[PDB]
Amino acid sequence: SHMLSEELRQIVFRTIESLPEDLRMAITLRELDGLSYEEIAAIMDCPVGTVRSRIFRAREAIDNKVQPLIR
DNA sequence: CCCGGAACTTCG
DNA sequence: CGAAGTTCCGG
């Protein structure tokens with residue numbers, strides 16, 4: 001309820017939620033399901049290299065919403 | 001603009 | 001070394 005640390009966790013969830021389906025799924029399978037890149041690539045039927053960038057780019061989007069928040 | 005993937009780099 | 005993570009040349 002409005003304390004900074006609380007604003008930050010909500011910002012993380014909210015940003016994951018608004019990501020493009022592929023980025024959201026790739027970051028979700030990695031962070032919440034704890035899957036390996038290999039596994040995620042099978043689930044998403046795509047090259048693992050695409051999993052690498054998708055996860056990278058999903059992380060970037062989360063960080064661009066979080067960094068403007070700390071100190 | 002929004003990323004796809006593979007090369008390249010770091011980490012466990 | 002194998003998995004995770006970073007970068008870049010496209011398309």
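What you see below is based on every heavy atom in this structure, not just the backbone, and it leaves out hydrogens, waters and symmetry mates. Each chain gets a letter, A, B and so on, in the order the sequences are listed, and its residues count up from 1.
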Worksheet item: Between A:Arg14 and A:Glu17, is the closest basic N to carboxylate O distance under 4.0 Å?
Response: yes

Fill in: Integer-rounded Å distance: B:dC3 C1' and A:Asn64 CG
15 Å

Worksheet item: Is the side chain of A:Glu39 donor-acceptor paired with the backbone N or O of A:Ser36 at a distance under 3.5 Å, no angle test?
Response: yes

Practice prompt. Specify the separation, in whole Å, of atom CD of A:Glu60 and atom P of B:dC2.
Written response: 12 Å

Worksheet item: Could you give the CZ-to-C1' distance, from A:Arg57 to C:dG10, as a whole number of Å?
Response: 11 Å

Practice prompt. Output yes when at least one side-chain N/O atom of A:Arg30 is less than 4.0 Å from OP1 or OP2 of C:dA4, else no.
Written response: yes

Worksheet, complete the sentence: From CZ of A:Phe56 across to P of B:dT10 the rounded distance in Å is 14 Å

Worksheet entry | Value rounded to 0.5 Å, distance of CD1 in A:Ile40 from SG in A:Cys46 | 9.0 Å

Item to complete: Consider the side chain of A:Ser53, meaning its heavy atoms from C-beta on, and name the nucleotide among C:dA4, B:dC3, C:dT7 that approaches it most closely.
Response: C:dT7

Worksheet item: Just how far is it from atom CD of A:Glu60 to atom CG of A:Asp63, taken to the nearest 0.5 Å?
Response: 8.0 Å

Worksheet item: Which nucleotide, B:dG4, C:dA4, B:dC3, lies nearest any side-chain atom of A:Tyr37?
Response: C:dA4

Worksheet item: When you check the phosphate oxygens OP1 and OP2 of B:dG4, does a side-chain N or O of A:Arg54 lie under 4.0 Å from one of them?
Response: yes

Worksheet item: Between A:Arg24 (CZ) and B:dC3 (P), how many Å, whole number?
Response: 13 Å

Item to complete: Please report, rounded to the nearest Å, how far the P atom of B:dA6 is from the CD atom of A:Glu38.
Response: 12 Å

Fill in: Close side-chain approach of A:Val51 and A:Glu38, heavy atoms under 4.5 Å
no

Worksheet item: For A:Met44 and B:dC3, what is the distance between atoms CE and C1' respectively, to the nearest whole Å?
Response: 13 Å

Worksheet item: Taking only N and O in the side chain of A:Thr50, is any of them less than 4.0 Å away from OP1 or OP2 of B:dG5?
Response: yes

Practice prompt. Send over the distance from A:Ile55 CD1 to B:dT10 P, rounded to a whole Å.
Written response: 19 Å

Worksheet entry | Short side-chain N/O contact to B:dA6 OP1/OP2 from A:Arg52, under 4.0 Å | no

